[PDB]
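Structure first, then comments.
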Amino acid sequence: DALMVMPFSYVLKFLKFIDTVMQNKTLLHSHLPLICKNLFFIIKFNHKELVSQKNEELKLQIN
Amino acid sequence: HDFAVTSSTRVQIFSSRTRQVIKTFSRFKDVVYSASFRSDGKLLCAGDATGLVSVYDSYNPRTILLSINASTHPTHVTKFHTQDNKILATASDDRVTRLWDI
Amino acid sequence: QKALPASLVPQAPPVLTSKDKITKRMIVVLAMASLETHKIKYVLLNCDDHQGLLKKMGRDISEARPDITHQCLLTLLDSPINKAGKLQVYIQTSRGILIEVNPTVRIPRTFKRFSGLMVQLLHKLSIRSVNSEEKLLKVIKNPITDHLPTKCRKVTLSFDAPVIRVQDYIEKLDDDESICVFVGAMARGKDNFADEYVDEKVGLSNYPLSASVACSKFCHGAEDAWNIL
Amino acid sequence: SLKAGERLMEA
Amino acid sequence: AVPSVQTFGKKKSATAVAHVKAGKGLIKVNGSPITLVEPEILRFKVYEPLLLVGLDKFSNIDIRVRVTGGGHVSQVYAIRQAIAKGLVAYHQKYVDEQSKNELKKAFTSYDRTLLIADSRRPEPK
Amino acid sequence: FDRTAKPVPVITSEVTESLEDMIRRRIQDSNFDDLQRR
Amino acid sequence: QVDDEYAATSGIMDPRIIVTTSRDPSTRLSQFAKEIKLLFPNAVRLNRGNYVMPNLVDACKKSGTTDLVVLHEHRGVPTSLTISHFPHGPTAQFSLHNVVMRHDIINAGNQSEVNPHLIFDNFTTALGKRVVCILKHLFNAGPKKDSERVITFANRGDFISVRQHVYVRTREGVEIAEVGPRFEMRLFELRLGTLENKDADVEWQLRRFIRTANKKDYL
Amino acid sequence: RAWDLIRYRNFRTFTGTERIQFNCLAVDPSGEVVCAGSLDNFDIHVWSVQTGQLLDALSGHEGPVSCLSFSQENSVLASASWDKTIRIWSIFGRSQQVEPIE
Amino acid sequence: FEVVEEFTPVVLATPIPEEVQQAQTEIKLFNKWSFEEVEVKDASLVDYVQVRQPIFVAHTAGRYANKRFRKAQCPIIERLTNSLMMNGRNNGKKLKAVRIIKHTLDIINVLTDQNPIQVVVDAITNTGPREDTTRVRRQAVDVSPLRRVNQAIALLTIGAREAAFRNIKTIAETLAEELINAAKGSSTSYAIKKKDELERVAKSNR
Amino acid sequence: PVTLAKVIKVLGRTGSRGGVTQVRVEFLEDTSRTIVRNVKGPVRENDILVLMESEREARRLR
Amino acid sequence: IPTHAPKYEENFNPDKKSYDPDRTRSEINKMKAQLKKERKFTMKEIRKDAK
RNA sequence: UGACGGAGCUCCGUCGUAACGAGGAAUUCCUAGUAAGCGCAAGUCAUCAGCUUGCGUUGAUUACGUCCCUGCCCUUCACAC
């Protein structure tokens with residue numbers, strides 16, 4: 001419910017956050033299940049808006 | 001084609017066949033100066049020495065549809081525009097012939 | 001050669017009351033009027049006359065001056081705009097009692113006689129004329145919003161707000177509208193009494209203004225603006 | 001006080 | 001025996017009994033023509049069924065409606081329920097079923113109360 | 001002359017005192033006539 | 001042991017109660033109707049506007065309601081109280097005297113809605129045991145031992161006094177505080193059936209016009 | 001009786017308090033509420049699959065409930081009986097509402 | 001090409017006025033106004049200003065309080081009739097409301113030749129407050145479409161009523177004037193003034 | 001100019017002020033662009049709302 | 001605008017009775033009130049004593 | 001959103017727009033055949049006629065979500081979590 005309240009603008013900051021976590025692989029394995037659940041619902045909830053954008057920097061982050 | 005006569009403070013509509021009064025409009029406080037119908041014949045407009053112009057539904061004396069105070073001077077002529085229904089012409093002793101809209 | 005009106009006899013302008021809302025008007029709202037009664041016989045509590053009694057009540061005697069409310073009505077009621085039938089006055093007691101002031105009334109010029117009315121009005125809730133034809137002072141139901149005109153402009157007298165010209169203000173406003181002015185009868189206090197309901201607050205002069213002075217200044221501009229004379 | 005999500009937005 | 005059917009329509013305490021038989025198109029309410037039912041303003045309501053199926057169906061039947069109890073509004077509702085139900089039952093007993101089917105379809109498509117009693121049974125909360 | 005039915009009682013102070021004393025006694029002993037799940 | 005009507009659910013299911021009033025109730029009666037529900041934990045107030053008694057009972061029966069309570073008044077003065085136990089009775093008729101409402105108390109505050117403690121005093125006769133049985137089952141069971149809210153039904157010459165207190169256990173005793181309301185109820189009719197059934201057989205009725213009605217005691 | 005096919009076990013059994021025979025059943029799409037009906041009780045029983053407690057007995061039918069079904073999307077419940085009526089139950093949510101249809 | 005479903009003239013033993021047959025051709029409000037050309041100009045008011053089901057008279061005895069959003073399916077004319085009756089003395093009197101409304105449509109058609117139902121729809125759509133304020137001071141907030149239509153009917157009925165509360169003008173004519181002005185969008189209609197004030201106040205508290 | 005946005009999700013657990021609902025809407029002009037708003041009247045999904053301003057983002061209104 | 005003056009009673013006491021033009025009209029009104037108070041006072045007393 | 005008369009809430013016809021003119025502050029209650037209006041019966045061993053209880057008729061608006069405020073209450077046999 002907390003994450004559904006999030007506007008799509010804060011999703012992009014969330015995706016950037018998750019990307020930065022990726023480099024810290026120590027933090028990655030420590031909380032891998034949680035990162036999976038929260039990241040992936042977020043894609044679910046506002047998939048339509050996320051796919052809409054043409055932003056190159058977002059395209060490399062998702063990859 | 002019942003015909004309206006303006007007499008004293010009243011307007012009397014007479015049936016063509018019966019040749020007798022079928023409707024009477026006596027709401028007017030002062031002398032009445034006109035009884036012209038609209039083109040559709042549904043509405044009747046009239047003038048008064050007070051200057052107010054009152055619009056009645058023809059054959060329905062009880063109902064008043066629209067009342068306009070054209071001037072404080074007497075209003076002697078009140079005629080609906082034949083081409084256009086909505087606009088009503090009012091001429092008064094004020095020497096200005098106001099063109100009203102319903 | 002525009003023709004003359006048929007009847008040029010002088011005609012008294014209508015007495016404008018709460019039932020009539022369409023007409024353009026100036027409404028002066030004397031917010032936070034310090035008007036309260038208490039049995040000693042009920043007397044209008046005053047800053048000077050009843051100091052010990054108000055101390056027993058626990059209310060500060062600084063905000064216990066119905067004189068200011070009395071003076072504002074005098075200048076407002078005596079203004080030519082009132083004589084032209086274009087101004088109506090409402091009074092909001094600090095306790096939350098709303099009073100409608102009929103423009104036709106003549107409040108006594110002496111304050112003591114005025115206090116005699118206020119206890120009469122607050123207890124009897126209505127005041128009648130000498131000839132018994134019209135109710136001059138009648139307490140009315142809050143909020144103040146419903147009694148005011150349907151389309152109206154709202155301002156408060158704020159010393160902190162930018163200084164404006166009242167004449168230039170009323171001129172730029174529309175005609176079917178009406179102007180409502182919230183004047184604080186308080187000796188001192190924060191100008192947030194009407195903040196809930198008003199849309200903006202304006203300043204009238206850079207120097208501080210008394211309630212009697214400010215409302216008189218505001219109405220004179222309307223007379224100049226509306227050519228009341 | 002701040003709730004779930006609202007606290008996150010600050011974070 | 002003359003083919004005929006009997007039906008009931010109820011609204012509050014108002015009850016209407018409609019007898020529908022073979023005929024030449026005479027509709028009567030309480031021994032008076034249906035045009036004379038009152039109040040006038042609500043007349044079309046009792047005309048309401050008559051208009052949907054078309055007056056042609058009724059040219060071949062006579063109908064007599066007797067109303068008792070309730071008020072004017074409830075009585076009119078009883079009359080319209082009774083006339084609809086009587087027409088449907090008569091076409092059921094004496095006419096093909098494609099008839100009963102389109103009559104029921106039209107009546108329920110407009111307003112189901114023509115066929116089903118509307119009872120505001122109390123509901124607790 | 002006689003009276004027919006019971007006179008309606010008057011809840012006087014001593015009656016109130018007597019009643020509340022019984023209430024205080026019952027609770028002091030925790031003697032409550034209560035319904036319980038069987 | 002608990003009576004046949006209540007034995008089936010005595011200590012198995014909590015009671016469901018509806019409180020109502022006569023047609024076109026006065027404000028005070030509605031206000032009293034507001035108090036009585038707050039007395040019984042599972043009571044719900046229902047407006048009796050144009051309701052018909054067979055419809056009222058039938059609708060309540062469909063709801064699974066356990067008890068129905070109806071109040072009458074006279075010039076804003078509560079006068080009678082009736083309790084009917086579904087699905088087949090009994091129905092008790094009570095007369096209210098010396099009614100004092102909580103709205104007559106200034107700055108009284110809000111009550112507690114915990115499952116109350118119950119006190120039944122001076123009920124001896126078989127009829128007395130019966131009246132306790134009806135009145136007992138209106139409330140929820142298993143009140144918490146330290147529950148602070150207590151109701152008492154005190155019998156004094158067939159005039160059942162009702163008081164409702166909140167207590168604090170002190171180091172040298174117990175202190176109670178009245179919350180109200182105060183009133184006196186006297187049973188005068190008890191029938192085997194729902195209140196709709198005027199034809200229900202009477203278990204018992206109060207003879208006021210027996211000579212000894214001045215002095216004869218029942219509860 | 002509730003069954004897991006993976007381990008083929010009766011992982012739960014629900015029973016009415018009054019020893020009622022059950023003829024119809026329905027399971028919530030979320031798989032969290034199990035609701036059954038009877039020809040002897042005239043009311044509809046409900047349980048939690050997780051805990052097995054009887055949440056509430058839905059009442060209002062004057063005849064036996066014949067059959068039951070939940071919405072896959074709306075999550076609402078539709079019930080029928082020999083009482084010549086259909087009732088729609090909005091059990092989920094802060095407030096409970098019932099819509100009967102004849 | 002032609003299709004014939006009627007091979008005999010229809011004469012009923014009970015006489016029927018011919019306008020009733022003309023009604024059989026098409027269902028018209030009071031047998032005098034057609035719903036076919038009526039459309040809600042604003043998309044938002046669609047699905048909540050219901051005009052697609054034609055009715056002879058406003059009275060229906062429908063069950064429109066049972067659920068939350070049932071009031072949407074109500075015919076809007078019936079909603080206006082229900083809102084018209086108020087203030088205790090008129091309570092319980094729906095028939096008087098129907099008569100007053102029928103007079104109002106007669107007056108509207110007389111004053112403007114346009115279909116009065118479209119005038120009603122236009123007034124309701126125009127007067128719907130699109131944004132409002134809530135007490136926190138005040139804060140601006142959006143307005144749901146059912147709140148728009150309800151509040152619109154409320155303002156129209158209230159303004160028309162209060163305008164004729166102590167005046168020679170009767171309820172029917174004051175209605176017709178208020179709906180006409182609201183449909184025009186002129187500030188003369190009380191409801192439009194209130195809507196403008198509300199939206200402006202929310203704009204200030206935006 | 002005033003825009004139209006169709007509600008897609010009525011947010012829950014949001015604790016807005018009484019009589020106020022926090023909701024998610026999608027502009028009709030652009031089926032991609034979504035915005036969170038606050039509404040005063042009762043609301044269901046699939047409605048559309050008239051927005052005077054399209055830039056302000058909803059905040060929990062205490 | 002037309003001008004009118006207020007009507008009011010100097011030294012007004014709300015608890016006090018409104019002044020009456022006719023003395024006989026006032027005096028009977030006094031004693032009608034007194035009779036009612038005494039009557040209602042007596043009736044409660046006899047009831048309680050009889051009770 | 002009147003009065004009078006007639007006819008069957010509807011229609012027709014006539015008129016005509018000392019105290020008080022719909023009631024302040026506060027405060028109370030209320031969700032569908034409900035609020036409200038209207039009339040007709042009975043007085044059921046308690047109560048009631050300074051009235052009480054029934055019966056029918058007409059019949060709505062706004063909410064039916066929210067725990068934001070304010071109070072009360074409860075908690076600390078698989079699969080998946």
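The chains in the structure tokens are called A, B, ... from first to last as shown; in each chain the residues are counted from 1, and the ligands are counted from 1 in the order shown.
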Which chain C residues have any atom within 10 Å of an atom of chain B, and for each, what is the nearest pair of atoms with distance in Å to one decimal, counting only C-alpha atoms, rows sorted by chain and number, as CSV?
```
residue,atom,partner,partner_atom,distance
C:1,CA,B:95,CA,9.8
C:2,CA,B:96,CA,8.4
C:3,CA,B:94,CA,6.1
C:4,CA,B:94,CA,7.6
C:5,CA,B:72,CA,6.8
C:6,CA,B:73,CA,5.5
C:7,CA,B:72,CA,7.4
```
Listing only residues of chain J within 6 Å of chain L, what is the closest atom pair and its distance in Å (to one decimal) for each, using only C-alpha atoms (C1' of nucleotides), sorted by chain and residue number ascending, as JSON lines?
```
{"residue": "J:15", "atom": "CA", "partner": "L:68", "partner_atom": "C1'", "distance": 5.7}
{"residue": "J:16", "atom": "CA", "partner": "L:68", "partner_atom": "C1'", "distance": 5.4}
{"residue": "J:17", "atom": "CA", "partner": "L:68", "partner_atom": "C1'", "distance": 4.0}
{"residue": "J:18", "atom": "CA", "partner": "L:68", "partner_atom": "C1'", "distance": 5.5}
{"residue": "J:62", "atom": "CA", "partner": "L:68", "partner_atom": "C1'", "distance": 5.8}
```
Residues within 10 Å of residue 89 of chain H, only C-alpha atoms (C1' of nucleotides), excluding chain neighbours under 6 positions, as a list in words: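 Result of the neighbour search: residues 58, 70, 75, 76, 77, 78, 79, 96, 97, 98, 99 and 100 of chain H.
Comparing J:9, J:39, J:45, J:4 by their smallest distance to residue 27 of chain J, the closest is J:4 (using only C-alpha atoms).
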All residues 10 Å or closer to residue 8 of chain D, only C-alpha atoms (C1' of nucleotides), same chain fewer than 2 positions away omitted, as a list in words: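 What passes the distance filter is residues 2, 3, 6, 10 and 14 of chain A; 2, 3, 4, 5, 6, 10 and 11 of chain D.
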Dump as CSV the rows for residues of chain J within 10 Å of chain D: closest atom pair and distance in Å with one decimal, only C-alpha atoms counted, ordered by chain and rising residue number.
```
residue,atom,partner,partner_atom,distance
J:13,CA,D:4,CA,9.7
J:14,CA,D:3,CA,8.8
J:15,CA,D:3,CA,9.2
J:59,CA,D:6,CA,9.5
J:60,CA,D:6,CA,8.9
```
Filtered DSSP result for segment 22-200 of chain I, state strand (DSSP E), as a ChimeraX atom specification: /I:28-29,33-34,131-135,138-142
Store the residues picked out above, limited to N, CA and C atoms, as a PDB file, in the first residue's frame.
```
ATOM      1  N   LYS I  28     -42.277  10.040 -25.189  1.00  0.00           N
ATOM      2  CA  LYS I  28     -41.883  11.426 -24.993  1.00  0.00           C
ATOM      3  C   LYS I  28     -42.317  11.889 -23.611  1.00  0.00           C
ATOM      4  N   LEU I  29     -41.440  12.647 -22.954  1.00  0.00           N
ATOM      5  CA  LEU I  29     -41.739  13.165 -21.624  1.00  0.00           C
ATOM      6  C   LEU I  29     -43.014  13.992 -21.681  1.00  0.00           C
ATOM      7  N   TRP I  33     -41.992  15.930 -25.150  1.00  0.00           N
ATOM      8  CA  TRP I  33     -40.569  16.176 -25.348  1.00  0.00           C
ATOM      9  C   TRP I  33     -39.859  14.870 -25.674  1.00  0.00           C
ATOM     10  N   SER I  34     -39.008  14.902 -26.697  1.00  0.00           N
ATOM     11  CA  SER I  34     -38.267  13.726 -27.134  1.00  0.00           C
ATOM     12  C   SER I  34     -36.885  13.692 -26.491  1.00  0.00           C
ATOM     13  N   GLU I 131     -14.227  22.121  -8.939  1.00  0.00           N
ATOM     14  CA  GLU I 131     -13.241  22.109  -7.871  1.00  0.00           C
ATOM     15  C   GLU I 131     -13.814  22.868  -6.683  1.00  0.00           C
ATOM     16  N   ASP I 132     -13.383  22.490  -5.479  1.00  0.00           N
ATOM     17  CA  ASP I 132     -13.964  23.020  -4.254  1.00  0.00           C
ATOM     18  C   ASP I 132     -12.868  23.148  -3.202  1.00  0.00           C
ATOM     19  N   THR I 133     -13.278  23.435  -1.967  1.00  0.00           N
ATOM     20  CA  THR I 133     -12.369  23.579  -0.843  1.00  0.00           C
ATOM     21  C   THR I 133     -12.809  22.701   0.318  1.00  0.00           C
ATOM     22  N   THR I 134     -11.829  22.279   1.112  1.00  0.00           N
ATOM     23  CA  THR I 134     -12.067  21.555   2.350  1.00  0.00           C
ATOM     24  C   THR I 134     -11.318  22.242   3.480  1.00  0.00           C
ATOM     25  N   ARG I 135     -11.943  22.279   4.653  1.00  0.00           N
ATOM     26  CA  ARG I 135     -11.301  22.858   5.823  1.00  0.00           C
ATOM     27  C   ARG I 135     -10.146  21.972   6.270  1.00  0.00           C
ATOM     28  N   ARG I 138      -8.377  26.730   4.372  1.00  0.00           N
ATOM     29  CA  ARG I 138      -8.999  25.934   3.325  1.00  0.00           C
ATOM     30  C   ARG I 138      -7.935  25.418   2.373  1.00  0.00           C
ATOM     31  N   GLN I 139      -8.216  24.259   1.782  1.00  0.00           N
ATOM     32  CA  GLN I 139      -7.351  23.650   0.783  1.00  0.00           C
ATOM     33  C   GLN I 139      -8.192  23.231  -0.412  1.00  0.00           C
ATOM     34  N   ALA I 140      -7.672  23.484  -1.610  1.00  0.00           N
ATOM     35  CA  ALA I 140      -8.368  23.125  -2.838  1.00  0.00           C
ATOM     36  C   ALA I 140      -8.406  21.614  -3.009  1.00  0.00           C
ATOM     37  N   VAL I 141      -9.495  21.118  -3.603  1.00  0.00           N
ATOM     38  CA  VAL I 141      -9.697  19.689  -3.800  1.00  0.00           C
ATOM     39  C   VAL I 141     -10.612  19.464  -4.998  1.00  0.00           C
ATOM     40  N   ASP I 142     -10.395  18.340  -5.675  1.00  0.00           N
ATOM     41  CA  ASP I 142     -11.200  17.992  -6.831  1.00  0.00           C
ATOM     42  C   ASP I 142     -12.578  17.506  -6.388  1.00  0.00           C
TER      43      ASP I 142
END
```
Selection near residue 80 of chain L, 12 Å with only C-alpha atoms (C1' of nucleotides), sequence-local residues under 2 positions removed, as an NGL selection string: (:H and (30-32 or 50)) or (:L and (78))
All residues 7 Å or closer to segment 26-42 of chain E, only C-alpha atoms (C1' of nucleotides), same chain fewer than 3 positions away omitted, as a ChimeraX atom specification: /E:45,62-67 /I:12-14 /L:10
